[PDB]
Amino acid sequence: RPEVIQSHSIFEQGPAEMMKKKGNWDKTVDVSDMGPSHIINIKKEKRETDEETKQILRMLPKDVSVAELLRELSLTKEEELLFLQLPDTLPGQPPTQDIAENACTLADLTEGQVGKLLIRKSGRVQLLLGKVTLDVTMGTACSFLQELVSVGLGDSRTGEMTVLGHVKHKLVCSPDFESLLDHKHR
Amino acid sequence: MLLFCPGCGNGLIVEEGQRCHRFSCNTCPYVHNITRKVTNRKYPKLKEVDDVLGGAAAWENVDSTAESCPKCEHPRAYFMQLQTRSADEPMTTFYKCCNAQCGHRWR
Amino acid sequence: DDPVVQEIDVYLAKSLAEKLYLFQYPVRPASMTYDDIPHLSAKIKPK
Ligand SMILES: [Zn+2]
């Protein structure tokens, strides 16, 4: 192990560093694309950040309900699936279900038109539903894969399973409490 | 910086068993042989080098220009600067004077 | 704040009320879909 060393501090060249590093890392052997050495560019490893799964290449943005639906209808006009959440009980009542005040849910409602969805100036939204209004807001952003499937129990022995599509976004519906308080003073 | 196997979702390791190294899992047979560069690291760690040149080490670092004190100004303290912690944090400077019986040293 | 645009209506379909399921894969990025790789077998329990 050496002990007597002459230190150096006079300025040196940058491109010298660059050229030396080039010589130490630019002697590529990427041409070694043998049969056993092939990779599927789709089958690459992944960044933990699902939004940034771009660790090695080949060489979420703020959003609001009004802008999201505007994008969904103007720029593109194809079919789309959404996964939305509703309050515990809807403003209806059971349809002669014989009744505890059991909760009124979409599962216990008849088909047909049920309400209207309104976009107003300044970019806030309500679901006009009968004589009440439910506010609509964006949920938590989604990045993992979700698939919408329909399970048909065609027979007690066996059935069939068909994929419909993949979901991309979430919506949340909440009662407008201060509006209810203002209408019915207490 | 870390990678995960898309096949089963686990941390992979590097190993050599053929003509070229490869990024491999260990619970599933996924292999991705590496053939290009990556340009980021884990920022390694080695401790505080303080006295490796202590006192008056190799005099190759003799310099001409220096600042001066606002009070007294005798001819002996040429300038200095140093660094704080790591790669991507600022570098501090102190200006220090010493004849005897005080405690002067500025930042 | 008056209405601006797109007073879209809403309807309820009871055709598949007891038939729809929603699967999700926490460990799989949404950009990497499973449709390409052929499926072979599946099982389920009603209860
Ligand atoms: Zn694994």
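Basis of the calculations
- Residues numbered from 1 in each chain as written, not as in the entry; some residues may be left out.
- Chains lettered and ligands numbered in written order.
- Part of a larger assembly, values for the part shown.
- Heavy atoms only, no water.
- Pairing = 2+ DSSP bridges.
- Helix = DSSP H or I, 4+ residues; strand = E, 2+ residues; numbered from the N terminus.
- Axes fitted to C-alpha atoms, helices over the stretch in contact; angles between N-to-C directions.
- Donors = N, O, S within 2.8 Å, 3.2 Å for Na, K, Ca; no water.
- Buried < 20%, exposed > 50% of the residue type's maximum accessible area, 1.4 Å probe, protein only.

In the PDB header, cryo-EM is given as the technique by which the entry was determined, and 3.28 Å as its resolution.

To continue, consider the sheet that holds strand β5 (residues 144-152) of chain A. With respect to topology, three strands assemble into an open sheet ordered β6(A)-β5(A)-β2(C), the strand pairing being antiparallel. Looking at which strands have only one partner, the edges of the open sheet turn out to be β6 (160-166) of chain A together with β2 (20-29) of chain C. Within this sheet the neighbouring strands show an average axis-to-axis angle of 30 degrees, counted without direction. For β5(A) and β6(A), the ladder comprises six bridges, and the chain directions are antiparallel.

Before going further, it helps to spend a moment on the coordination of the zinc ion. All names here are of chain B. Taken together, the protein ligands of the zinc ion are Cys8 (SG) and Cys25 (SG), with distances of 2.3 Å. Placement of the pair is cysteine 8 in the segment before β1 (13-15) and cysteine 25 in the loop between β2 (22-24) and β3 (31-33), with a sequence separation of 17 residues. Relative accessible area serves as the criterion here: at 29%, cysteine 8 is assigned to the partly exposed category. Exposure remark for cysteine 25: the relative accessible area of 9% places this residue in the buried category.

To continue, consider the sheet that holds strand β1 (residues 83-85) of chain A. With mixed pairing, six strands are arranged side by side in an open sheet as β1(A)-β7(A)-β4(A)-β3(A)-β2(A)-β1(C). The two strands at the open ends of the sheet, each matched to only one other strand, are β1 of chain A together with β1 (9-12) of chain C. Put simply, the sheet's adjacent strands are angled 30 degrees from each other on average, direction ignored. Relative to β1(C), strand β2 (residues 112-119) of chain A is paired through four bridges, and the arrangement is antiparallel. Looking across to β1(C), one finds that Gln113(A) is bridged to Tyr11(C).

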